[PDB]
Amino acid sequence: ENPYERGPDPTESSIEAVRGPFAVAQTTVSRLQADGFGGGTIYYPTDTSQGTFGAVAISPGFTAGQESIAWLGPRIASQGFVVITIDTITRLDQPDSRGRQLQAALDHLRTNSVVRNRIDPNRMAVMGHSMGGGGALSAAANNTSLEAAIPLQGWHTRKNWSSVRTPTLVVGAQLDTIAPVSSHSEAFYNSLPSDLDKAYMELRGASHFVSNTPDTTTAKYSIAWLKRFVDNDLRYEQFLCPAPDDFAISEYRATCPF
């Protein structure tokens, strides 16, 4: 029996829902309380009766604040995760620094009074938009114990991710002109190791900013990826393997079965 399974068996409706089965609360980490990042908001399930949850840190991109990624916080946490949306030390920080800050935010959770007993500190994951997605890849490259990484329209000068050992879902936007998929997202996917459990999902017709307001395709597959790899939850593989038949997806690759 998988001890990390949380919540009832999933369906298309359950993974598409704006709020999953877990009621959520939130707490604020001030810039002064944040060591190594710019503060953030932690969203967590209030129901502790099924045990501890994996933890996820999410970074915004260049010039952006938590508000550009905030919707992901409670939408993911309500599926059974402790999720921190961060602000960066400055909004001009580059991807490598964003990766250091994502790790600092995860480590903050280990001692945070509100959530220390709610997380399984051994099961953590990273996500981010654009430079924040470059930061998520950097954080995985620097920490092979992370269970999942999800760069959303990621931007980074670093194109070679052969060092990553963390299952990674790369989400590109077809019409992205800021972090074009050919030179960013797809290049990242192609340099991740052949053997790694990974996937590439390109969002049809989407601009670079698709992640900055609610997008059901982004949410449902991020949830499935986090469930499958943070929780080792085999109930969620069905949404990723084989490729889903989804008009919202213009290209797809995945190393199924995982």
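Numbers follow the displayed sequence, beginning with 1.
The mean Cα B-factor in the deposited entry runs higher for 113-121 than for the other of 143-151 and 113-121.
Comparing 134-142 with 174-182, the stretch with the higher mean C-alpha B-factor in the PDB entry is 174-182.
In the deposited coordinates, the residue among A219, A57, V230, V29 with the greatest CA B-factor is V29. Annotation for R91: C-alpha temperature factor in the highest third relative to the rest of the modelled chain, per the entry. Residue-level temperature factors show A206 in the highest third of its chain, judged at the C-alpha atom. For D47, the recorded CA temperature factor ranks within the highest third of the chain's modelled residues. Per-chain ranking of the deposited C-alpha B factor places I69 in the highest third. Ranked by C-alpha B-factor against the other modelled residues of its chain, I223 falls in the lowest third.
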